[PDB]
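Chemist: Before anything else, here's the structure in question.
Virtual Cβ from ideal backbone geometry, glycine too; neighbours counted across all protein chains shown. Derivation of every value follows stated rules applied to the coordinates shown; laboratory data play no part.
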Amino acid sequence: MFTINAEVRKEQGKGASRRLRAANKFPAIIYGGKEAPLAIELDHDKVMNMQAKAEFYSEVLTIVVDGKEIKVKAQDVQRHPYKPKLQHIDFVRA
Amino acid sequence: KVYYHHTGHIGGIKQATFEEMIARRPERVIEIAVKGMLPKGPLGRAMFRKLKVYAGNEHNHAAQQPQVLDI
Amino acid sequence: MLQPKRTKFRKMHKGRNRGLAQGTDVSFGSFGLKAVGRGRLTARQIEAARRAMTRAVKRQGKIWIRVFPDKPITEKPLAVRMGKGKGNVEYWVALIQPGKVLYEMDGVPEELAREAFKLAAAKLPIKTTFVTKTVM
Amino acid sequence: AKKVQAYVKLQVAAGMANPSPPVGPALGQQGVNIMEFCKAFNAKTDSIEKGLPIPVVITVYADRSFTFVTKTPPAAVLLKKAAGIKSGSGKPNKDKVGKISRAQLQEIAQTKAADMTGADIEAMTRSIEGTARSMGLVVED
Amino acid sequence: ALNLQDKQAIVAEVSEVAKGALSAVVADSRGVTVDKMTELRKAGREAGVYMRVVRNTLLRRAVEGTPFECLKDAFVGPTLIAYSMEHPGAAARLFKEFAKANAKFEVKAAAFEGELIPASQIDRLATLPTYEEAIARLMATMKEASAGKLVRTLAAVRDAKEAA
Amino acid sequence: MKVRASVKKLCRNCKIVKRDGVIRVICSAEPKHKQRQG
Amino acid sequence: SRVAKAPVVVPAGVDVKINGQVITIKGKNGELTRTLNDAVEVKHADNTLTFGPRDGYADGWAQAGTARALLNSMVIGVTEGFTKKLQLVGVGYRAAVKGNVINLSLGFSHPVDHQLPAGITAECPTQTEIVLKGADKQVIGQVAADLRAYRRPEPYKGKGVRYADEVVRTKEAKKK
RNA sequence: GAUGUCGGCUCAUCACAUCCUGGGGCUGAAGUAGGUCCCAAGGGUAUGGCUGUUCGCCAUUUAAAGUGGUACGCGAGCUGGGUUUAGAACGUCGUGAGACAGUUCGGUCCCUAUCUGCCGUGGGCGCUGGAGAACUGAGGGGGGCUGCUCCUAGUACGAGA
RNA sequence: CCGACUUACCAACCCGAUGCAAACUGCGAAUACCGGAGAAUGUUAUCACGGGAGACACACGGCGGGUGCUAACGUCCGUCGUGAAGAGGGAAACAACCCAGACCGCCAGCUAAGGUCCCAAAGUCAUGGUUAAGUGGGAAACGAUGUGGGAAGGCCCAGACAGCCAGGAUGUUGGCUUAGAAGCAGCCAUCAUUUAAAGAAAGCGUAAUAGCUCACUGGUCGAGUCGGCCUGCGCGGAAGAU
């Protein structure tokens, strides 16, 4: 159970996602149903070491973006092919 | 860069040391700093022959009193 | 060597890649050893690494193995001129790809599994990373 | 290096401190003679029992002087005495070569109270309980 | 705390007893040389007196954040604290038992129920009191020192060996 | 001493010190664990 | 360094002269008793020394701890006098002082010609004990370093010259 | 349209991961000694025999008998010994011609140096009028190795030798 | 006599979870391709038949695979820049690399790859971080408290962190064993005690005993520190023939 941040974003392609990783930010997405999710940017490290324990994934999260708060828990994770740091993460609403 | 040369040895090669240069008048340290800054063979020699340095702060080879200069 | 009985066929093409040929994430446990580089293992190195982990952990925790030797590799010895056919089958090779996790654990405490992987990384040809999973 | 470390162990009788092999080799090396030790130890050991070993704990300076603290008879000798043994089991808690009463154990506790630090007359007893357990003596009522 | 609890634990531990304590004594002997250290532990369980060794930093933070017994600068450099919560006379008795193997000039000063008791006065306090003979001496000190003779009204148990 | 590279410790503490540009390992009370390289 | 961010107290009559990256300490000195620090500015006042910023070497606080150790050492130096106890382990080696010379040997008739400046003096109570006398902390240990540079303390019986931090284990003959 | 070999003799040369003295850590090194062991190009670094010989086998000197490279150093150095060198023919094999790195008998190896280097040597010119005489050191190499015993020293240490 | 109560263990088909494949397939791009119809451009790239071939012997390198060790200035095939079949700029230079395509003239300007202290044409640039090693400007395994920044985090002025000092304790030289047998030669006790602090001890060490490092306590002591992980700089690892 942690207090994390987001700015709202949507991208397409390798080049864009790499332009986030150029300044030590990366993307994420918020699903539920079968609809258009809430697409966000995250920080590399504000979600890796808070993630070094199972409480990130078992318990719900205060994620703040432009006065919106929605509640979410982590799902399966995408990792770099040369670093343990987070390339892309999934979330479900909780 | 301790400037090895052929001069005849056995077992190794004989050399000049960086260390020799200071003991046998102060010039040689200053001297292979400006030498190495000039071109090729012949031009680097035509340039070179215009430098004098000697023992330094004590040398008679200054009696002219030239144009004074700070750089 | 900790190698398979028969995969595919007995004599096979070497297996080059321009990027990823599978394996890049954690798949079991709460922690493991990630490669973060690429290259070959003759199965002898996998064994050597397994011994190191079994000498540190003992009975506390079971080991899940996340790699195996896939492709048989021929040698044509350094005693005869190259250009004419394909050599005897010599070793089975595991292809490690970039960020391929090799071994995972959960039974034993985190610091025993992490230390056990540092010993195992000296038996390996690259510099590696301890990788944490926690559940997924 | 300087010999400025840790309470050094010896446990010796008054007449068992004149030769070297019963004592171990170490005093010789730390600048203390077997003769000077022997004279200094009898001063506080023959005030009491001398036919059995009195525990002594030593500090040594970088100038080859010594200090030694000499005590009453060890609880460990008394537990041998009171139990009718001279030898223990060599595998305690798994083989038991005699027994000791608790009410007797407290009189042993009290004899070692000249140097014991325990806050109750039981606390002293509970320390020599594991001394009895080490020597193969069962602690029972 | 989760690296070392031992150092965080000791600040609460002086502060609890030293608010608590009818006499305490702040003295210098340093947290080395086991022989004197053992003997002040040893006799301390006999007389009913507890002893802690504590930095002057810990001691100044225990007076800053929490009430103390009025020895707010009587600690200097490496400092030990012996204290009694129930029997004030034992507190002074323990140094007279402990000088028989080291020294008595180790006390800088003492406190008794809020009053400063100096290092010359404690040698009088220490002469085999039970709690009532300590209390009695503190009233005999004040009565003398206060110039009015309304301050004296009982000696028949208040200045005896009887309850005081 | 020997040409042993890497400056991992040999006892529970060593003085770990970079002398003339090579890091030597050595103990605080012993000359045995002096190694020329690291 | 924690300790360059707290001042260091100086007694009466101790003159601590600030004129540059050299600071020079007098009181009742045998010699030139002095301190080198660069990365800090030390003002004297006259009762307490005050530590603040100046320029120096690229390592973090490179001289500011240095100034703390060295100032206090030299100040204790001129007042009471610094430590003096030098010694050697073993017999059959000499430790005989003659003037400003210390006669020591490996086994040989001739001296090893170990010599001291004007600034310091010695005498020896016994043929293993050396007393060096002075007021600057550095120089007394520089002749000690030279005395250990012909025979050292090395672990086989422990025999050698001993001074400051010691690096020897005092082993014996083998028996298995 | 030639970067061409073994073996012997001569003549070298450089890399130090030094055969050795020399300064020095360690040691399960007491000391002596050795193992472990780093700096070091400075210097001495052995020879006769049989055999075409590497490698071999053997006697030996000196305190001593090192490693590596060099068109597997050096036929625009030497001999031309070696492989059937080209030749029988023994041994061997095929019907034979012909072959064989098993073999025995003696047996064709070139260049006077263009430029280049290396060492010795003269002519001519700047040396500030000319002449003759001593001469400073900008510069650069050579001795450089290594046993014996007297003293050092029967001494520290070790159980004692 | 026939028959049988009776799994304690191994390691499979299988089963779940987990890993994988030119010659395996439940699933499957990007791009390439054609002809029409359209923009643009190419002094025909392509078509018939008649005259002349040459090349088929390619090479350091991009994209990718086989052969090879994911060795090699390696070898070959579909594909391509440059040389072949083209001057110039840059690289200590070159057959082949990178920019680039030599009409010819121009004491002209600009920009590329590559450069800017002198050599040598242009920045000892303005501002900040770090290495003590000519690393930079020579490579991997590999290790560590060599040095700094960063977010998350433990510790964190209530005293850290690391070391140096000093302590390493009460019963206790516990029992056996034994030159003695002590936390550390071996093995069993594996605890208790006053405590602020001291494991009947993590590591070394005449193997012990000794000597020694160790948290923790108290001095030095009052502010950063260290573990994971991203990152610039360092170290030894990194010894051969003018």
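Chemist: Quick check, is residue G:164 aliphatic (A, V, I, L, M), under 26 Å from residue G:26 (Cα atoms) and surrounded by 20 or more Cβ atoms within 10 Å (Cβ to Cβ)?
Modeler: On the way: aliphatic (A, V, I, L, M): yes; under 26 Å from residue G:26 (Cα atoms): yes; surrounded by 20 or more Cβ atoms within 10 Å (Cβ to Cβ): no.
So residue G:164 fails the test.
Chemist: In addition: Looking at residue B:69 and the list (1) loosely packed, with under 10 Cβ neighbours inside 10 Å; (2) in a helix (DSSP H, G or I); (3) not hydroxyl-bearing (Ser, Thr, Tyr), which single condition is not satisfied?
Modeler: (2)
Chemist: Report yes if some residue within region C:54-65 is more than 14 Å from every other protein chain (Cβ to nearest Cβ), exposed (fewer than 15 other Cβ atoms within 10 Å of the Cβ) and polar (S, T, N, Q); otherwise report no.
Modeler: Yes, that holds for at least one residue.
Chemist: So, in region D:86-106, of the ones that are in contact (Cβ under 8 Å) with a residue 24 or more places away in the chain and under 23 Å from residue D:56 (Cα atoms), which residue ends up nearest to RNA strand I (Cβ to nearest atom)?
Modeler: Within region D:86-106, the match that is nearest to RNA strand I (Cβ to nearest atom) is D:88.
Chemist: Here's something else I'd like to know. Report, ordered by the first and then the second residue, all pairs with beta carbons closer than 8 Å, sequence separation of six or more or different chains, a first member in region A:66-94 that is within 11 Å of chain C (Cβ to nearest Cβ) and of a type in the set (A, V, I, L, M), and a second member that is surrounded by fewer than 16 Cβ atoms within 10 Å (Cβ to Cβ) and assigned to a loop (DSSP other than H, G, I, E, B).
Modeler: A:74/C:136; A:77/C:136
Chemist: Given the conditions (1) over 27 Å from residue C:20 (Cα atoms); (2) in a strand (DSSP E or B); (3) more than 14 Å from chain C (Cβ to nearest Cβ), report the number of the one that residue A:42 does not fulfil.
Modeler: It fails just one condition, (1).
Chemist: Can you name every one of the strands (runs of 3 or more DSSP E) wholly within region G:1-104 that holds 1 or more residues which are more than 16 Å from RNA strand I (Cβ to nearest atom)?
Modeler: Hits in region G:1-104: G:15-18, G:22-26, G:33-36, G:40-43, G:85-89, G:96-98, G:101-103.
Chemist: Out of G:122, G:135, which single residue is in contact (Cβ under 8 Å) with a residue 24 or more places away in the chain, surrounded by 15 or more Cβ atoms within 10 Å (Cβ to Cβ) and over 14 Å from the mean Cα position of the chain (by Cα)? Lay out the reasoning, then the answer.
Modeler: Details: G:135 fails: over 14 Å from the mean Cα position of the chain (by Cα).
On inspection, the qualifying residue turns out to be G:122.
Chemist: Residue by residue through region E:1-46, note down the ones that are surrounded by 19 or more Cβ atoms within 10 Å (Cβ to Cβ), within 14 Å of another protein chain (Cβ to nearest Cβ) and touching a strand residue (DSSP E or B) at 6+ places or on another chain (Cβ under 8 Å). First the steps, then the outcome.
Modeler: Within region E:1-46, the subset surrounded by 19 or more Cβ atoms within 10 Å (Cβ to Cβ) is E:14-15, E:18, E:21-27, E:40, E:43-44.
The next check asks that each one be within 14 Å of another protein chain (Cβ to nearest Cβ); those that pass are E:40, E:43-44.
Result: E:40, E:44.
Chemist: From the residues in region B:14-50 that are touching a residue at least 24 places away in the same chain (Cβ under 8 Å) and part of a loop (DSSP other than H, G, I, E, B), which one is surrounded by the fewest Cβ atoms within 10 Å (Cβ to Cβ)? Break it down stepwise before answering.
Modeler: From region B:14-50, those touching a residue at least 24 places away in the same chain (Cβ under 8 Å) are B:25-27, B:30, B:32; that's our starting set.
Checking the rest, the ones that are also part of a loop (DSSP other than H, G, I, E, B) come to B:25-26.
On the way: B:25: 14, B:26: 17.
Among them, the one singled out is B:25.
Chemist: With the checklist (1) of a type in the set (A, V, I, L, M, F, W, C); (2) surrounded by fewer than 16 Cβ atoms within 10 Å (Cβ to Cβ); (3) away from every other protein chain (no Cβ under 14 Å) in hand, flag the one item residue C:46 doesn't pass.
Modeler: Going through (1) of a type in the set (A, V, I, L, M, F, W, C); (2) surrounded by fewer than 16 Cβ atoms within 10 Å (Cβ to Cβ); (3) away from every other protein chain (no Cβ under 14 Å) one by one, residue C:46 breaks only (2).
Chemist: Same structure, new question: Based on this model, can you work out whether residue D:124 counts as surrounded by 15 or more Cβ atoms within 10 Å (Cβ to Cβ), within 14 Å of another protein chain (Cβ to nearest Cβ) and part of a helix (DSSP H, G or I)?
Modeler: So residue D:124 passes the test.
Chemist: Only one residue in A:53, A:83, A:10, A:34 is surrounded by 15 or more Cβ atoms within 10 Å (Cβ to Cβ) and in a loop (DSSP other than H, G, I, E, B). Which one? Spell out the reasoning first.
Modeler: Details: A:53 fails: surrounded by 15 or more Cβ atoms within 10 Å (Cβ to Cβ); A:10 fails: surrounded by 15 or more Cβ atoms within 10 Å (Cβ to Cβ); A:34 fails: surrounded by 15 or more Cβ atoms within 10 Å (Cβ to Cβ).
Criteria check complete, one pass: A:83.
Chemist: Here is a list: D:112, D:80, D:96. Which entry is more than 16 Å from RNA strand H (Cβ to nearest atom), basic (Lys, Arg) and surrounded by fewer than 16 Cβ atoms within 10 Å (Cβ to Cβ)?
Modeler: Values: D:112 fails: surrounded by fewer than 16 Cβ atoms within 10 Å (Cβ to Cβ); D:80 fails: surrounded by fewer than 16 Cβ atoms within 10 Å (Cβ to Cβ).
Sole residue among the options that is more than 16 Å from RNA strand H (Cβ to nearest atom), basic (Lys, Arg) and surrounded by fewer than 16 Cβ atoms within 10 Å (Cβ to Cβ): D:96.
Chemist: Can you tell me which residue in region A:37-50 is farthest from the chain's Cα centre (by Cα), limited to those that are surrounded by 15 or more Cβ atoms within 10 Å (Cβ to Cβ) and farther than 23 Å from residue C:134 by Cα?
Modeler: Selected residue: A:37.
Chemist: Can you report the number of residues in region C:103-136 which are part of a helix (DSSP H, G or I), among the charged types (D, E, K, R) and touching a residue at least 40 places away in the same chain (Cβ under 8 Å)?
Modeler: Quick first cut of region C:103-136, residues part of a helix (DSSP H, G or I) only: C:110-123.
In the following step, the residues that additionally are among the charged types (D, E, K, R) were identified as C:110-111, C:114-115, C:118, C:123.
Checking which are touching a residue at least 40 places away in the same chain (Cβ under 8 Å) leaves us with C:110, C:114-115, C:123.
Residues meeting the conditions: 4.
Chemist: Need a quick list: strands (runs of 3 or more DSSP E) entirely within region D:1-84 having at least 3 residues that are in contact with a strand residue (DSSP E or B) (Cβ under 9 Å, 6 or more places away or on another chain) and within 14 Å of another protein chain (Cβ to nearest Cβ).
Modeler: Ranges flagged: D:54-60, D:66-70.
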